[PDB]
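Let me begin by presenting the structure, written as C-alpha coordinates, before commenting on it.
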Amino acid sequence: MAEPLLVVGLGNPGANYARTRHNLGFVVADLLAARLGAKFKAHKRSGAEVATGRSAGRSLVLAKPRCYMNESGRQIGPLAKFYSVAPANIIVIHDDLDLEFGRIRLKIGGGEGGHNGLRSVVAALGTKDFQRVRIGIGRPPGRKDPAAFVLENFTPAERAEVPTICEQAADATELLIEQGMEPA
(Lines give C-alpha, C1' and ligand atoms only; values in the text may rest on other atoms or scores of the structure.)
Protein backbone atom coordinates (compact mmCIF):
# COMPACT_ATOMS: atom_id res chain seq x y z
CA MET A 1 0.00 0.00 0.00
CA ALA A 2 3.00 2.28 -0.67
CA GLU A 3 0.35 4.24 -2.56
CA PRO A 4 -0.74 7.88 -2.89
CA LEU A 5 -4.29 9.17 -2.70
CA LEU A 6 -5.84 11.95 -4.72
CA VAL A 7 -8.18 14.12 -2.68
CA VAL A 8 -10.38 16.26 -4.88
CA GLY A 9 -12.25 19.40 -3.88
CA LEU A 10 -15.02 20.15 -6.34
CA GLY A 11 -16.07 23.80 -6.70
CA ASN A 12 -16.31 26.72 -9.11
CA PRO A 13 -13.71 29.38 -10.13
CA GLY A 14 -14.33 32.95 -8.94
CA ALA A 15 -15.32 35.15 -5.99
CA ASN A 16 -19.06 34.88 -6.67
CA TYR A 17 -18.86 31.09 -6.34
CA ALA A 18 -16.64 31.04 -3.22
CA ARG A 19 -19.47 30.95 -0.67
CA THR A 20 -22.19 29.28 -2.76
CA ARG A 21 -23.32 25.79 -1.75
CA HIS A 22 -21.74 24.08 -4.76
CA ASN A 23 -18.23 24.91 -3.52
CA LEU A 24 -17.98 23.23 -0.10
CA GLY A 25 -15.58 20.84 -1.86
CA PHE A 26 -13.17 23.73 -2.45
CA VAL A 27 -13.53 24.89 1.16
CA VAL A 28 -12.95 21.49 2.82
CA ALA A 29 -9.86 21.04 0.63
CA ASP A 30 -8.54 24.40 1.86
CA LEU A 31 -8.68 23.23 5.49
CA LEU A 32 -7.18 19.84 4.68
CA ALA A 33 -4.19 21.59 3.16
CA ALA A 34 -3.74 24.20 5.89
CA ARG A 35 -4.17 21.48 8.53
CA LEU A 36 -1.51 19.25 6.93
CA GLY A 37 0.77 22.20 6.14
CA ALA A 38 0.29 21.94 2.38
CA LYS A 39 0.33 24.61 -0.36
CA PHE A 40 -1.66 24.90 -3.60
CA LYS A 41 0.45 25.53 -6.69
CA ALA A 42 -0.72 25.92 -10.28
CA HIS A 43 -0.28 22.34 -11.54
CA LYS A 44 0.26 23.25 -15.21
CA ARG A 45 0.06 19.70 -16.66
CA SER A 46 -3.58 18.91 -15.85
CA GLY A 47 -4.54 22.59 -15.75
CA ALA A 48 -5.82 22.39 -12.18
CA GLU A 49 -3.91 23.24 -9.02
CA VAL A 50 -2.27 21.03 -6.40
CA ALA A 51 -1.08 20.53 -2.81
CA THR A 52 0.95 17.64 -1.45
CA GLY A 53 0.70 16.42 2.11
CA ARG A 54 0.45 13.23 4.12
CA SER A 55 -2.13 11.89 6.55
CA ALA A 56 -1.61 8.68 8.54
CA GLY A 57 1.58 7.79 6.67
CA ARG A 58 -0.31 7.71 3.38
CA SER A 59 0.89 10.48 1.06
CA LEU A 60 -1.76 12.51 -0.74
CA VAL A 61 -2.18 15.06 -3.52
CA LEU A 62 -5.10 17.44 -3.14
CA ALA A 63 -6.57 19.08 -6.24
CA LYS A 64 -8.98 21.96 -6.76
CA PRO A 65 -10.02 22.30 -10.45
CA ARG A 66 -9.25 25.75 -11.90
CA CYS A 67 -12.07 25.36 -14.43
CA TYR A 68 -15.84 25.25 -13.79
CA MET A 69 -17.96 22.25 -12.74
CA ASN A 70 -19.26 20.37 -15.79
CA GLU A 71 -15.66 20.52 -17.05
CA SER A 72 -14.12 19.42 -13.72
CA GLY A 73 -13.24 15.92 -14.95
CA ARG A 74 -11.17 17.16 -17.88
CA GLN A 75 -8.47 18.16 -15.37
CA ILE A 76 -8.83 15.24 -12.96
CA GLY A 77 -8.59 12.53 -15.60
CA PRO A 78 -5.13 13.72 -16.77
CA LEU A 79 -4.30 14.61 -13.17
CA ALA A 80 -4.59 11.07 -11.79
CA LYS A 81 -3.27 8.80 -14.59
CA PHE A 82 -0.23 11.08 -14.41
CA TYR A 83 -0.03 10.81 -10.63
CA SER A 84 -0.45 7.05 -11.05
CA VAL A 85 -3.65 7.22 -8.94
CA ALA A 86 -6.12 4.36 -9.39
CA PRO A 87 -9.70 5.65 -9.90
CA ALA A 88 -10.56 4.02 -6.52
CA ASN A 89 -7.79 5.87 -4.64
CA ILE A 90 -9.43 9.18 -5.42
CA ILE A 91 -11.54 11.01 -2.88
CA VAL A 92 -13.98 13.54 -4.29
CA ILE A 93 -15.42 15.86 -1.69
CA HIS A 94 -18.68 17.28 -2.95
CA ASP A 95 -21.83 18.65 -1.39
CA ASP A 96 -24.75 16.23 -1.38
CA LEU A 97 -28.17 17.44 -2.52
CA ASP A 98 -30.05 14.37 -1.29
CA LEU A 99 -28.64 14.47 2.22
CA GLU A 100 -29.92 16.76 4.99
CA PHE A 101 -28.02 19.94 5.96
CA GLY A 102 -25.23 19.01 8.37
CA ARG A 103 -25.09 15.42 7.17
CA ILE A 104 -21.82 13.78 6.06
CA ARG A 105 -21.34 10.29 4.60
CA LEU A 106 -18.63 8.22 2.91
CA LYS A 107 -19.39 6.05 -0.08
CA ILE A 108 -17.34 4.57 -2.76
CA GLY A 109 -18.86 3.67 -5.96
CA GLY A 110 -22.49 4.19 -5.52
CA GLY A 111 -24.05 6.30 -8.19
CA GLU A 112 -24.65 9.90 -7.23
CA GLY A 113 -26.57 12.69 -8.92
CA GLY A 114 -27.59 16.27 -9.31
CA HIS A 115 -24.06 17.31 -9.65
CA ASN A 116 -22.68 18.60 -12.84
CA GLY A 117 -19.31 17.65 -11.56
CA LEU A 118 -19.40 14.06 -10.58
CA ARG A 119 -20.83 13.22 -13.89
CA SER A 120 -17.80 15.10 -15.23
CA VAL A 121 -15.38 13.01 -13.14
CA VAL A 122 -17.14 9.71 -13.94
CA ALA A 123 -17.02 10.60 -17.64
CA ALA A 124 -13.27 11.09 -17.32
CA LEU A 125 -12.32 8.11 -15.17
CA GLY A 126 -14.52 5.74 -17.13
CA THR A 127 -15.96 4.26 -13.94
CA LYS A 128 -18.15 5.68 -11.18
CA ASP A 129 -16.41 3.61 -8.51
CA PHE A 130 -14.35 6.27 -6.74
CA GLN A 131 -14.54 7.25 -3.07
CA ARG A 132 -16.80 10.17 -2.21
CA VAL A 133 -17.17 12.26 0.94
CA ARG A 134 -20.70 13.63 0.98
CA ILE A 135 -21.65 16.96 2.57
CA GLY A 136 -25.44 17.30 2.77
CA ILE A 137 -26.83 20.70 1.80
CA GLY A 138 -30.57 20.02 1.77
CA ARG A 139 -33.35 20.24 -0.80
CA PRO A 140 -34.34 23.49 -2.56
CA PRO A 141 -37.24 25.38 -0.96
CA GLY A 142 -40.32 24.67 -3.10
CA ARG A 143 -39.91 26.29 -6.53
CA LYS A 144 -36.12 26.66 -6.41
CA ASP A 145 -34.46 24.95 -9.41
CA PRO A 146 -32.02 22.37 -8.00
CA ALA A 147 -29.18 23.58 -10.24
CA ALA A 148 -29.82 27.25 -9.40
CA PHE A 149 -30.34 26.42 -5.72
CA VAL A 150 -26.74 25.27 -5.55
CA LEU A 151 -25.28 28.43 -7.08
CA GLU A 152 -26.60 30.44 -4.15
CA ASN A 153 -24.78 31.15 -0.91
CA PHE A 154 -26.12 29.39 2.19
CA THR A 155 -28.54 31.35 4.34
CA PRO A 156 -27.34 33.34 7.43
CA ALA A 157 -28.38 30.48 9.79
CA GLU A 158 -27.07 27.56 7.68
CA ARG A 159 -23.71 29.33 7.53
CA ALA A 160 -23.29 29.70 11.29
CA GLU A 161 -22.73 25.95 11.04
CA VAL A 162 -20.84 25.86 7.74
CA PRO A 163 -17.34 26.49 9.24
CA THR A 164 -17.91 23.57 11.66
CA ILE A 165 -19.30 21.21 8.97
CA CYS A 166 -16.30 21.79 6.70
CA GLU A 167 -14.44 20.80 9.86
CA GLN A 168 -16.17 17.45 10.45
CA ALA A 169 -15.90 16.73 6.72
CA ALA A 170 -12.14 17.32 6.93
CA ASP A 171 -12.18 14.81 9.78
CA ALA A 172 -14.39 12.40 7.83
CA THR A 173 -11.92 12.54 4.93
CA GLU A 174 -8.86 12.29 7.21
CA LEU A 175 -10.41 9.20 8.80
CA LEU A 176 -11.41 7.35 5.63
CA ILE A 177 -7.77 7.74 4.56
CA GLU A 178 -6.34 5.91 7.56
CA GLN A 179 -8.84 3.01 7.62
CA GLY A 180 -11.37 3.23 4.77
CA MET A 181 -14.90 1.83 4.71
CA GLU A 182 -14.08 0.40 8.14
CA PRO A 183 -14.33 4.00 9.29
CA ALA A 184 -18.02 4.65 8.51
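Chains: A, B, ... in order of the C-alpha coordinates. Residues: from 1 per chain. Ligands: from 1, in order shown.
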Next item on the list: Please identify which residues in chain A DSSP calls alpha helix (DSSP H) from the backbone, and express them as an NGL selection string.
Entry: :A and (24-35 or 73-80 or 118-125 or 146-149 or 158-176)
At a cut-off of 9 Å, can you tabulate as JSON lines every residue of range 5-103 of chain A near range 152-157 of chain A together with its closest atom pair and the distance in Å to one decimal, using only C-alpha atoms and ordering rows by chain then number?
{"residue": "A:16", "atom": "CA", "partner": "A:153", "partner_atom": "CA", "distance": 8.9}
{"residue": "A:17", "atom": "CA", "partner": "A:153", "partner_atom": "CA", "distance": 8.0}
{"residue": "A:18", "atom": "CA", "partner": "A:153", "partner_atom": "CA", "distance": 8.5}
{"residue": "A:19", "atom": "CA", "partner": "A:153", "partner_atom": "CA", "distance": 5.3}
{"residue": "A:20", "atom": "CA", "partner": "A:153", "partner_atom": "CA", "distance": 3.7}
{"residue": "A:21", "atom": "CA", "partner": "A:153", "partner_atom": "CA", "distance": 5.6}
{"residue": "A:22", "atom": "CA", "partner": "A:152", "partner_atom": "CA", "distance": 8.0}
Write a file of the just-selected residues containing N, CA, C and O atoms, as a short mmCIF file (atom, residue, chain, number, x, y, z; two decimals), in the first residue's frame.
data_model
loop_
_atom_site.label_atom_id
_atom_site.label_comp_id
_atom_site.auth_asym_id
_atom_site.auth_seq_id
_atom_site.Cartn_x
_atom_site.Cartn_y
_atom_site.Cartn_z
N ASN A 16 -17.60 34.98 -6.80
CA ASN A 16 -19.06 34.88 -6.67
C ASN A 16 -19.34 33.50 -6.08
O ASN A 16 -20.07 33.36 -5.10
N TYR A 17 -18.69 32.50 -6.68
CA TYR A 17 -18.86 31.09 -6.34
C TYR A 17 -18.08 30.58 -5.12
O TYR A 17 -18.07 29.38 -4.88
N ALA A 18 -17.45 31.47 -4.36
CA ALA A 18 -16.64 31.04 -3.22
C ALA A 18 -17.44 30.64 -1.98
O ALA A 18 -16.98 29.82 -1.17
N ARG A 19 -18.64 31.20 -1.84
CA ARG A 19 -19.47 30.95 -0.67
C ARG A 19 -20.83 30.34 -1.02
O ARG A 19 -21.71 30.21 -0.16
N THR A 20 -20.99 29.97 -2.29
CA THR A 20 -22.19 29.28 -2.76
C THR A 20 -22.12 27.86 -2.21
O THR A 20 -21.06 27.43 -1.77
N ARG A 21 -23.24 27.16 -2.24
CA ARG A 21 -23.32 25.79 -1.75
C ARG A 21 -22.39 24.86 -2.51
O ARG A 21 -21.61 24.12 -1.91
N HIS A 22 -22.50 24.92 -3.83
CA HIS A 22 -21.74 24.08 -4.76
C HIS A 22 -20.24 23.93 -4.49
O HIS A 22 -19.63 22.94 -4.88
#
Next item on the list: Identify all residues of range 58-176 of chain A in strand (DSSP E or B) (DSSP on the backbone) and supply them as a count of residues only.
Entry: 26
Margin query: Between A:174, A:96, A:182, A:3, which residue has the minimum interatomic distance to residue 33 in chain A, considering only C-alpha atoms?
Written below: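 Of A:174, A:96, A:182, A:3, the one nearest residue 33 in chain A is A:174, counting only C-alpha atoms.
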Kindly provide the residues of range 3-32 of chain A that approach range 77-88 of chain A to within 10 Å, each paired with its closest atom pair and their distance in Å to one decimal, based on only C-alpha atoms, listed by chain and increasing number, as JSON lines.
{"residue": "A:3", "atom": "CA", "partner": "A:85", "partner_atom": "CA", "distance": 8.1}
{"residue": "A:4", "atom": "CA", "partner": "A:85", "partner_atom": "CA", "distance": 6.7}
{"residue": "A:5", "atom": "CA", "partner": "A:85", "partner_atom": "CA", "distance": 6.6}
{"residue": "A:6", "atom": "CA", "partner": "A:85", "partner_atom": "CA", "distance": 6.7}
Go through range 139-175 of chain A and flag each residue having an atom no more than 12 Å from range 109-127 of chain A; for those, report the closest pair of atoms plus their distance in Å to one decimal, using only C-alpha atoms, ordered by chain and rising number, as a tab-separated table.
residue	atom	partner	partner_atom	distance
A:139	CA	A:114	CA	11.0
A:140	CA	A:114	CA	12.0
A:145	CA	A:114	CA	11.1
A:146	CA	A:114	CA	7.7
A:147	CA	A:114	CA	7.5
A:148	CA	A:114	CA	11.2
A:149	CA	A:114	CA	11.1
A:150	CA	A:115	CA	9.3
A:151	CA	A:115	CA	11.5
Check: Leaving out range 52-56 of chain A and any residue of its chain fewer than 6 positions from it, which residues lie within 12 Å of it when counting only C-alpha atoms, given as a PyMOL selection string?
Finding: chain A and resi 3-8+29+32-41+43+62-63+83+170-171+173-180
Check: Between CA of residue 142 in chain A and CA of residue 169 in chain A, what is the distance, to one decimal in Å?
Finding: 27.5 Å
Check: Which of these, A:164, A:12, A:23, A:70, has the shortest distance to residue 103 in chain A once you count only C-alpha atoms?
Finding: A:164
Check: Nearest to residue 95 in chain A among A:25, A:163, A:73, A:57, with distances taken over only C-alpha atoms: which residue is it?
Finding: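 Checking each candidate against residue 95 in chain A, we get A:25 as the closest.
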